[PDB]
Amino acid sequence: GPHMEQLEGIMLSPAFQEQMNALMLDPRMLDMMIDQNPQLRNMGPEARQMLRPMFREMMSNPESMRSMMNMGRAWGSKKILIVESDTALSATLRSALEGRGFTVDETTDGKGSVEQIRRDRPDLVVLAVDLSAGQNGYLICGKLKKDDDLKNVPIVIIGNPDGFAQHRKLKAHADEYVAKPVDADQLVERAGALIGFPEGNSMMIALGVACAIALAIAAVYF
């Protein structure tokens, strides 16, 4: 899933260690951030005094940070469904999205796509205009945007741009439009704009769990 190697690199880089050293050298900074949180502001002076020792221990072995980054990577996986009858293009787009950290499913079957989306509930749909067996990405897109359960699912249409402007003005329109021939990396960036990029989503979950842990300990012990 998410590609955290560079982020793991940062955690071990000299610069990260020096920057955290600097940030915690004057405790006014951290005391202020701590005191912004009503639930943490009663943290006593003994605990604040252990902030620098605990960071030093943390950097000699940052299992705490690595533990939570791993949790986030595991739950920060977002899923993209590609509805595209051009198998070769669908496979190329899947590997690029997978190469960015996304989980990707694929289907040739325009007619079954709407109910498949309902069943599997992907985080984003890449939907080609020109599909097999007389199905059409514009038609499929109109069905999804008319459905109250599925209308908030982001759809990126890929296809001949001839019809984009007119389809965009419809009340049931796609969330984005990407012209064919599609350059996979551009598509990757558009998916990351609509939903998260996997590494940022993983760090957000890692931080959320770390905060929840600190708040739960505080709640019981202050």
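Residue numbers run from 1 along the displayed sequence.
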Requested in this report: Using only the Cα atoms and their B-factors as the entry lists them, report which of 68-76 and 91-99 averages higher.
Outcome: 91-99
Report task. Higher average CA B factor in the deposited record is what I'm after, so tell me if that's 12-20 or 207-215. Result -> 12-20
Report task. Among the candidates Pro154, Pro45, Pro53, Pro181, give the one with the maximum CA B-factor reported in the record. Result -> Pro181
Query raised in the report: Based on the entry's values, in what third of the chain does the Cα temperature factor of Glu57 lie: lowest, middle or highest?
Result: middle
Report summary line: Among the modelled residues of its chain, the C-alpha B-factor of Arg190 falls in the third labelled highest
Query raised in the report: If you rank every modelled residue in this chain by C-alpha B factor, which third holds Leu7: lowest, middle or highest?
Result: middle
Requested in this report: Looking at the entry's B-factor column for C-alpha atoms only, identify whether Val104 ranks in the lowest, middle or highest third of its chain.
Outcome: middle
Query raised in the report: When the modelled residues of the chain are sorted by Cα temperature factor, does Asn37 land in the lowest, middle or highest third?
Result: lowest
